[PDB]
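Below you will find one chain, with nothing else, as structure tokens; this is the form deposited in one PDB entry, and questions on how it binds or moves follow later.
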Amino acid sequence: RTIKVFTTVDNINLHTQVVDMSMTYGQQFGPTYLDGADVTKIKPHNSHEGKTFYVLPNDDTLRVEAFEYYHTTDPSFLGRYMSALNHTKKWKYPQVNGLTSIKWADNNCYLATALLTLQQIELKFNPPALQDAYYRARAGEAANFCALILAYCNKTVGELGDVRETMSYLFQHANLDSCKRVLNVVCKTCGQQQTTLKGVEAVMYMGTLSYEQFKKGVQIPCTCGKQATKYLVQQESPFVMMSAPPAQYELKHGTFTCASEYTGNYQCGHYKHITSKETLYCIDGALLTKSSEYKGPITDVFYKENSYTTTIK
């Protein structure tokens, strides 16, 4: 007894296969998945006639197709993606304040905050898998996007997470080649040194939440023994992410794009998303609250940008 099915790694290039109904899928295809569900140790049923299956890349054609779609050669990626997708497809993705959020489940507070942020900054992903899922996420079908985010970050469903580390991984898979940042550090003793950063390092900074303060100057130890001052010289990027350890901060409407609120201890806390629309909105998964002012524990703030040059001589 034999049925005919499709195997794929990208759900674009399908490959017809013949499968013996007396052997498990793993004995003929290796690890095999159906809509994220592991069917490796399952004998083929009759309802599987014509359906499409994801398989781990076992030959060169599937390896090339897998990279062109996911931009990774890690053999385990597809499995971690499918294993995460089996859960994220059960989450609810309500529209909250014109954005796609996530109803709370499996400790996804940080994923919801990252998803809401990604929808408010200008970003193009290099892997076609990410870009396709990015689009479907804006339309409300964010399951594949969240599953891919977990896979690219080497995190699993249930694990707690950091929003800044998550954003950092995603930027590494985004087209930020045009982004440039020139910095200058003035040291009374040693002197002046001007560096330029490209890529992800041009849009992320750890230290202060204020973009204005970064323009004026921040205090940084010099390699000589004096506390030097660093300031921003040029910034060519569509946005900037300013992160700092959680501290009480005042967000003023219209001066920022969005922000991450963190309440709790290191590696054990709750995330909330603050966005600046006509007023200030706070999105906590499926819950929404509005207020004209906001003071609270903020760890990330996102600002819009295009081209900046300093007036400090």
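Numbers follow the displayed sequence, beginning with 1. In this text, the rigid core denotes the largest set of C-alpha atoms whose superposition between the two forms falls within 1.5 Å.
One more form of this protein should be noted, the form deposited in another entry, which is absent from this view; the next part is about it.
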Conformational change between the shown form and the other one, one of 95, 107, 227, 156, C-alpha moving 2 Å or more after core fit: 227
With both forms fit on the core, has residue 42 moved 2 Å or more by CA between the shown form and the other one? yes
CA of residue 12, rigid core aligned, shift of 2 Å or more between the shown form and the other one: no
Core-aligned, is the CA shift for residue 190 between the shown form and the other one 2 angstroms or more? yes
